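In: Show me the folded form of this:
(3 chains)
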Amino acid sequence: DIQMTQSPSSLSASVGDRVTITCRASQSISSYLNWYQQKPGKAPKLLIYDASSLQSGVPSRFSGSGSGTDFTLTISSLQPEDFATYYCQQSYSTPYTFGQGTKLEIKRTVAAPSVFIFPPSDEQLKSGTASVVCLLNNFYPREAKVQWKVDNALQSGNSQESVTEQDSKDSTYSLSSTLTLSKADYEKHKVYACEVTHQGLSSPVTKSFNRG
Amino acid sequence: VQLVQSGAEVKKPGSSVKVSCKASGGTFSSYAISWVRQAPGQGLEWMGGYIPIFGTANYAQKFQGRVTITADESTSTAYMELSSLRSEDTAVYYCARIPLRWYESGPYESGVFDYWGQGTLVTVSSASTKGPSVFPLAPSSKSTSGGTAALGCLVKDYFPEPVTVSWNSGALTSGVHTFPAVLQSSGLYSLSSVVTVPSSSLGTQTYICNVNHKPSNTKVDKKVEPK
Amino acid sequence: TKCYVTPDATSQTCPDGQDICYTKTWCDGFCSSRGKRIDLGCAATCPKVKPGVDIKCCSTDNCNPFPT
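Out: Residues are numbered from 1 along each chain as shown, chains lettered A, B, ... in the order given. You can find the structure just below:
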């Protein structure tokens, strides 16, 4: 099937900026490439069709250009409404194929995370279940690392990570790595610490809870 | 032109789903109704399309024999029925109008989706409806400032995804970070909502969270207090 | 006054003052395997033409038709 690859997988940029998103086709699709925008929890919306044509009611800021295999989307004046995943979908072949999508973020000042460790609640500890949640709060570069060291032993393969979408006012991010350990291995240790490695942090910040 | 699809559907491995897509304001015949599924945090995948005028349905090779697309001009409603549902079929399903361009040979489809419908989510799992277990997040051992006021509630072991957590019934909006849900091997989901309020502001205001898992009608409010 | 319009491709009462039916024909990429993209409709002036556009304008009713 015609394979289409949008190159700017993620592209952070300020509202006072102009952004261009690339989509490459495996086959010459000529002027048959449509452009769409998907905001979270919302269905895609067609911005540009037939490569350059713009649908009725689409901010002129949105301009599209290209032919053959290489195409470009120009968002012109970024407005907060214009920050979302954008998709390129050819119209040349029966197997209609889409690009992976490019997420437009808000370039903000580098902000360091606020690290917090939450010990297992006794109500949960009654059951064999024991969960330890670590919270990084308001960090700008989303790229962040979390380690889980118990009694100074790195703990890999026992934690799951969930990240919040960029905040509205702060334009920052928040992360939560919850380690899952049976009541047994829990009471079988003393130190429970969370390491945090981030761009804004000069030194790794490792908080700790010693209750065993 | 508007497209109004079915509601969410929870289905088991091997089961079959049929999703409604209702077209309004536009000529249903002169148009074509395709379908495109979006797996969680994934891209969009064309599943197939049906041009009523021709009555024929063009299906992708993948989904050939499992997808059956139908149209009822009477109700101007279009239907996508996927069978042999697998876990990986857990995704949002969208219905989209495709304009038709008239060439000399015959009316052909223009691969532009001018209109898209409110998505329908089909969640395929071998799990059954389970209510969540709200567990509280205690502070940073009454810290001086390394704690500020980071408190929260843990929503764990809840199966039908929709789950809504709020603080002080809407009084606490600033500083609230309800996280995205994460699926565990158990086949159940876990979520956490953590609020960064003022440190000194702790007994002054009682901080309680409000869980609403309507699938199992479990509305639980648990107090969050230091130690 | 009553000619054919492409997108719905039905006999659509042509609007007041408009008594034409342009059968605009031109070739796109797939002109090779499909044929000239056909375009019918209404007008009050035989529409203008581009190097590859060709247009036959009826003046009677339902005479802006498409080959099978």
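
In: And the residue in chain B that chain C sits nearest to, how far from residue C:66?
Out: Taking Cβ to the nearest Cβ as the measure, the point where chain B comes nearest chain C is residue B:104, at 2.7 Å. (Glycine included, C-beta is placed from N, CA and C.) To residue C:66, residue B:104 is 8 Å away according to Cβ to Cβ, to the nearest Å.

In: Go ahead and report the secondary structure state at the residue of chain B closest to chain C.
Out: Under DSSP: H, G, I helix; E, B strand; the rest coil, residue B:104 falls in the coil class.

In: overlap in contacts of residue B:104 and residue C:66?
Out: With contacts taken as Cβ atoms under 8 Å, 6 or more residues apart in numbering or on different chains, the residues that reach both residue B:104 and residue C:66 are residue C:38.

In: ok, back up a step: was I right about the residue of chain B closest to chain C contacting residue C:39?
Out: No. The criterion here is Cβ atoms under 8 Å, and residue B:104 misses it with residue C:39 at 10.9 Å.

In: anything in contact with each of the two?
Out: With Cβ under 8 Å, 6+ apart applied, the overlap between the contact sets of residue B:104 and residue C:39 consists of residue C:25.

In: ok, these two, which is more surrounded?
Out: Using other Cβ atoms under 10 Å in any protein chain shown as the criterion, residue B:104 and residue C:39 rank with residue C:39 on top: 20 against 15.

In: Contacts only, for the residue of chain B most remote from its centre.
Out: Within chain B, the residue lying farthest from the chain centre (Cα atoms, centre = their mean) is residue B:104, at 42.2 Å. Residue B:104 makes contacts with C:25, C:34, C:35, C:36, C:37, C:38, C:67, as judged by Cβ under 8 Å, 6+ apart.

In: Then residue A:71?
Out: Each residue near residue A:71 by Cβ under 8 Å, 6+ apart is listed here: A:22, A:23, A:24, A:25, A:33, A:51, A:64, A:65, A:88.

In: In terms of helices and strands, where is the second one?
Out: Meaning residue A:23. Using DSSP states H and E, residue A:23 maps to strand A:20-25.

In: Now do stretch A:116-126: distance from first to last residue.
Out: Taking Cα to Cα, to the nearest Å, the span from the opening residue of stretch A:116-126 to its closing residue is 23 Å.

In: how about residue 133, secondary structure?
Out: Answering for chain A, as no chain was given. strand.

In: Not quite, go with chain B.
Out: Reducing the assignment to helix, strand or coil with three-state DSSP, the entry for residue B:133 is coil.

In: wait, it sits on residue A:124?
Out: Yes. A contact is recorded between residue B:133 and residue A:124 when judged using Cβ under 8 Å, the distance being 7.2 Å.

In: Mutual contacts of these two, please.
Out: B:154, B:156.

In: hang on, the earlier thing: quick one: buried ones out of the contacts of residue A:71?
Out: When neighbours are counted using 16 or more other Cβ atoms under 10 Å in any protein chain shown, these contain these buried positions: A:22, A:23, A:24, A:25, A:33, A:51, A:64, A:88.

In: Cross-check those against chain B and keep the overlap.
Out: Contacts with chain B within those, counted by Cβ under 8 Å from any Cβ of the partner chain: none were found.

In: Using a markdown table, please lay out those residues together with distance to residue B:152.
Out: Rendered in a markdown table, the data for the buried ones among the contacts of residue A:71 read as follows (distance: Cβ to Cβ, whole Å):
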| residue | distance to residue B:152 |
| --- | --- |
| A:22 | 40 |
| A:23 | 40 |
| A:24 | 43 |
| A:25 | 46 |
| A:33 | 45 |
| A:51 | 48 |
| A:64 | 44 |
| A:88 | 39 |
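
In: List just the nearest of these to chain C.
Out: Checking the buried ones among the contacts of residue A:71 one by one against chain C (Cβ to the nearest Cβ), the nearest turns out to be residue A:51, at 11.3 Å.

In: I'd say the closest one and residue A:32 touch.
Out: Yes. The pair formed by residue A:51 and residue A:32 meets the contact definition of Cβ under 8 Å, at 7.5 Å.

In: distance of the residue lying closest to residue A:12 once chain neighbours are set aside from residue A:141?
Out: Using Cβ to Cβ, 6 or more residues apart in numbering or on different chains and skipping residues adjacent in sequence, the residue nearest residue A:12 is residue A:105, 3.8 Å away. The gap separating residue A:105 from residue A:141 is 10 Å, by Cβ to Cβ.

In: Give me the number of neighbouring residues for the closest residue to chain A within chain B.
Out: Taking Cβ to the nearest Cβ as the measure, chain B has residue B:111 as its residue closest to chain A, at 2.8 Å. Applying other Cβ under 10 Å, we find 25 residues neighbouring residue B:111.

In: got it, and the one 5 residues further on?
Out: Using other Cβ under 10 Å, residue B:116 has 21 neighbouring residues.

In: I figured it hits residue B:93, correct?
Out: No. Look at residue B:116 against residue B:93 with Cβ under 8 Å: they stay out of range, at 11.5 Å.

In: For stretch B:174-191, give me every contacting residue.
Out: Stretch B:174-191 is touched from outside by A:131, A:135, A:137, A:160-164, A:174, A:176, A:178, A:180, B:125-127, B:130, B:132, B:149, B:154-159, B:161, B:163, B:165-167, B:192-197, with contacts defined as Cβ under 8 Å, 6+ apart.

In: tell me the contacts of residue B:137?
Out: A:118, A:133, B:150, B:151, B:152, B:153, B:154, B:192, B:194, B:224.
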